[PDB]
Amino acid sequence: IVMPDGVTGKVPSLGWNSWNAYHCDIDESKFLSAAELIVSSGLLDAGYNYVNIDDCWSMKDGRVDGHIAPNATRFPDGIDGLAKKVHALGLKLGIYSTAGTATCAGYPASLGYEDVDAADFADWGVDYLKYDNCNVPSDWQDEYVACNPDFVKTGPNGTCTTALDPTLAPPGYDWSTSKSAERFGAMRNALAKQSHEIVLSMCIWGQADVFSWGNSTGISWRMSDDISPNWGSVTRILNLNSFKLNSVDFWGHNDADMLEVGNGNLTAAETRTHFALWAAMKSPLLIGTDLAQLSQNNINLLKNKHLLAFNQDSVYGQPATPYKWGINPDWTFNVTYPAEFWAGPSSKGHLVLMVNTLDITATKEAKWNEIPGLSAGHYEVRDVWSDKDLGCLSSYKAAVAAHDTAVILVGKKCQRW
Ligand SMILES: *[C@@H]1O[C@H](CO)[C@@H](O[C@@H]2O[C@H](CO)[C@@H](O[C@@H]3O[C@H](CO[C@H]4O[C@H](CO[C@H]5O[C@H](CO)[C@@H](O)[C@H](O)[C@@H]5O)[C@@H](O)[C@H](O[C@H]5O[C@H](CO)[C@@H](O)[C@H](O)[C@@H]5O)[C@@H]4O)[C@@H](O)[C@H](O[C@H]4O[C@H](CO)[C@@H](O)[C@H](O)[C@@H]4O)[C@@H]3O)[C@H](O)[C@H]2NC(C)=O)[C@H](O)[C@H]1NC(C)=O
Ligand SMILES: *[C@@H]1O[C@H](CO)[C@@H](O[C@@H]2O[C@H](CO)[C@@H](O[C@@H]3O[C@H](CO)[C@@H](O)[C@H](O[C@H]4O[C@H](CO)[C@@H](O)[C@H](O)[C@@H]4O)[C@@H]3O)[C@H](O)[C@H]2NC(C)=O)[C@H](O)[C@H]1NC(C)=O
Ligand SMILES: *[C@@H]1O[C@H](CO)[C@@H](O[C@@H]2O[C@H](CO)[C@@H](O)[C@H](O)[C@H]2NC(C)=O)[C@H](O)[C@H]1NC(C)=O
Ligand SMILES: *[C@@H]1O[C@H](CO)[C@@H](O[C@@H]2O[C@H](CO)[C@@H](O)[C@H](O)[C@H]2NC(C)=O)[C@H](O)[C@H]1NC(C)=O
Ligand SMILES: OC[C@H]1O[C@@H](O)[C@H](O)[C@@H](O)[C@H]1O
């Protein structure tokens, strides 16, 4: 959705969220340190300007006088006070609620209280609302389910049918009229009336066919169930998103979930693949790890100027898309072996990404005639990882480590005859 200030949320949000770092165990200091570190590590200069509180910030036992109250032990100066400290640092503050009767962690949530919660958030100086999908009451349940492989039984190729899912929405069903759309729309409407602009991030896990109506409601929408810091989830989410890229443009981006850079058992190669594809798919990019514990190597990864410029491109709204699946036939839904060959235009040139989904070194070749928007010829090519000029190339071939991604920026045409 377009926001009144004409820029906030047009390109993917960039920041840091407490969830993958701390889950439910958060307090002010964790945000103050995250913020100090975003500034001092140069991440803010790179573009990461949201410090986002996720679940577990409020007094858990209920609303206090009709309002969600900050847990004052965790936030001794309140959300408003944190907001002031964060705003002073040149950052933005995100908070979290749920379109249900309690948050996913069981805290007070916003369904039916949108106008009061939106006013509190606005009055606190909150800039971003991640809005979750837990605890939807029976009366607010959707009639149908949408074909979401993360939740519903699928046949081969991630397909849904009536026989597998009796409640699958009939063809032509308008998801904008669903209860999910209403629940989210109600918070959209509530925020819109406040003077302080808050962007809405729709944490709906790819449910309710949010791809078709999300752009009328918020600036981003989760398109899958929660990421986990392993390769299985990286490929799971990559595969799901690869089929949903047509919903991604300015003001409205599929959210491939929070970054796991720094976390779990992802190797350096997997981490690169994960960040590069998240950036290229123009998901919001929300760091999800303790920045004090993050290696300078992962910090440099996050600051990749080319991946960020591409993600943040203000002329080209579409993301990089798969042009060739690779091991499988094009358009093959496959959780372990998603589309390998990706490209999209940008102001800086064409970004090309080649994901080695195999667990052994493989040679991957970017061939210009295969890439939409390119043609046979010679282009200047730059390695995105090293920033190295690779020269004027008729194609680009690399030995790509297991689970790694070769990433190049294809520049202006060169050396003709
Ligand atoms: C496994 O399931 C998958 C997922 O459902 C399914 O995938 C489809 O596969 C078929 C081929 O079998 C694809 O059909 C081809 O489409 C080619 C170009 O399509 C582009 O446009 C597609 C249609 O766009 C419409 O719909 C969208 C939303 O519905 C809407 O936003 C648009 O406005 C428009 O109305 C579009 O779906 C597709 O998007 C997919 O692909 C891009 C990557 O290109 C990706 O980024 C997206 O995320 C999404 O996955 C894309 O935008 C078309 O050129 C091609 O034509 C070939 O054959 C014809 C013969 O007529 C030749 O003329 C031509 O030269 C080509 O050789 C063909 O029609 C279809 O697009 C896939 N759908 C999706 C959603 O991915 C597989 O079929 C399943 N496999 C099995 C075994 O069943
Ligand atoms: C979600 O909703 C938003 C808001 O309505 C909507 O945003 C719009 O996106 C389009 C498509 O990217 C924007 O229009 C483009 O703007 C860029 C940069 O200014 C231009 O380069 C584009 O022009 C090219 O393409 C045109 C035809 O497609 C050609 O006329 C021209 O020659 C260029 O090649 C293009 O105009 C538009 O500005 C925004 N709207 C706003 C208000 O910002 C978005 O598309 C929605 N998402 C989806 C999936 O529909
Ligand atoms: C607010 O947050 C504080 C601090 O995290 C919580 O304090 C804990 O309270 C439980 C029982 O109430 C104890 O078991 C813990 O030892 C306390 N921890 C600390 C460090 O004080 C408190 O529960 C939260 N209150 C609400 C209502 O959300
Ligand atoms: C996902 O794609 C992978 C790669 O094509 C498939 O894995 C292959 O499966 C066939 C059948 O078992 C084997 O002959 C190959 O040895 C496998 N290749 C690799 C590299 O593992 C897998 O079958 C696909 N999954 C689904 C559900 O279709
Ligand atoms: O409990 C908080 C969590 O709730 C889940 O529903 C969500 O997908 C996660 O991103 C995290 O927000």
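Whatever order the structure lists them in is the order used to number ligands and atoms, beginning at 1. Hydrogens, waters and symmetry mates are skipped; everything else that's a heavy atom, side chains included, is used. For reference, positions follow the sequence shown, starting with 1.
Of the listed residues (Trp331, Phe243, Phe211, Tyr323), the one carrying the non-hydrogen atom nearest atom 72 (C) of ligand 1 is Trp331.
There is a protein heavy atom less than 4.0 angstrom from atom 2 (O) of ligand 1. Atom 66 (C) of ligand 1 lies below 4.0 Å from none of the non-hydrogen atoms of the protein. In this structure, atom 31 (O) of ligand 1 has protein heavy atoms in its sub-4.0 angstrom surroundings. Proximity of atom 25 (C) of ligand 1 to the protein is not indicated, since no non-hydrogen protein atom lies closer than 4.0 angstrom.
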For ligand 3, output the ligand-protein N/O contacts shorter than 3.5 angstrom; if there are none, return none.
unit_1, atom_1, unit_2, atom_2, d
ligand 3, 2 (O), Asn71, OD1, 3.1
ligand 3, 2 (O), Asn71, ND2, 2.4
ligand 3, 2 (O), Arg74, NE, 3.2
ligand 3, 5 (O), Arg74, NE, 3.1
ligand 3, 25 (N), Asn71, ND2, 2.9
ligand 3, 28 (O), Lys60, N, 3.0
ligand 3, 28 (O), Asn71, ND2, 3.0

May I have the N/O to N/O pairs between ligand 5 and the protein that fall below 3.5 Å, each with atom names and distance to one decimal?
unit_1, atom_1, unit_2, atom_2, d
ligand 5, 1 (O), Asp55, OD2, 3.0
ligand 5, 4 (O), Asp132, OD2, 2.7
ligand 5, 6 (O), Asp132, OD1, 3.0
ligand 5, 6 (O), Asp132, OD2, 2.9
ligand 5, 6 (O), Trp205, NE1, 3.1
ligand 5, 8 (O), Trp205, NE1, 3.2
ligand 5, 8 (O), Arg222, NH1, 2.9
ligand 5, 8 (O), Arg222, NH2, 3.3
ligand 5, 8 (O), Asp226, OD1, 2.1
ligand 5, 8 (O), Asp226, OD2, 3.2
ligand 5, 10 (O), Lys130, NZ, 2.7
ligand 5, 10 (O), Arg222, NH1, 3.1
ligand 5, 12 (O), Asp54, OD2, 2.8
ligand 5, 12 (O), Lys130, NZ, 2.9
ligand 5, 12 (O), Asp132, OD2, 3.4

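Side-chain rings of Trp325 and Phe243 approach one another, their centers coming within less than 6.0 Å.
Summary of contacts: the protein heavy atom closest to atom 43 (C) of ligand 1 is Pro322 O, 3.5 Å. Counting only heavy atoms of the protein, atom 39 (O) of ligand 1 lies nearest to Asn246 OD1, 2.9 Å. Nearest to atom 83 (O) of ligand 1 among the protein's heavy atoms is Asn157 ND2, 3.5 Å.
Shown are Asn17, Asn298, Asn263; of these, the side chain to side chain donor-acceptor pair (under 3.5 Å) with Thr289 is made only by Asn263.
Of all the atoms in ligand 1, the ones that sit under 4.0 Å from a non-hydrogen atom of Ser242 are 45 (C), 46 (O), 47 (C), 48 (O), 49 (C), 50 (O). Applying the 4.0 Å criterion to heavy atoms of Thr321 picks out, from ligand 1, the atoms 46 (O).
When every heavy atom of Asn52 is checked against every heavy atom of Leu286, the shortest pair comes out as ND2-CD1, 3.9 Å.
Not one N or O of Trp325 is nearer than 3.5 Å to an N or O of ligand 1, by distance alone.
Both cation-pi conditions hold for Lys282 and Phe310: the charged atom is under 6.0 angstrom from the six-membered ring centre and inside a 45 degree cone around its axis. Note that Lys244 lies in the cation-pi zone of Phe211, set by a 6.0 Å cut-off to the ring centre and a 45° limit from the axis.
A salt bridge links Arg63 to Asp117: at least one charged side-chain nitrogen sits closer than 4.0 Å to a carboxylate oxygen.
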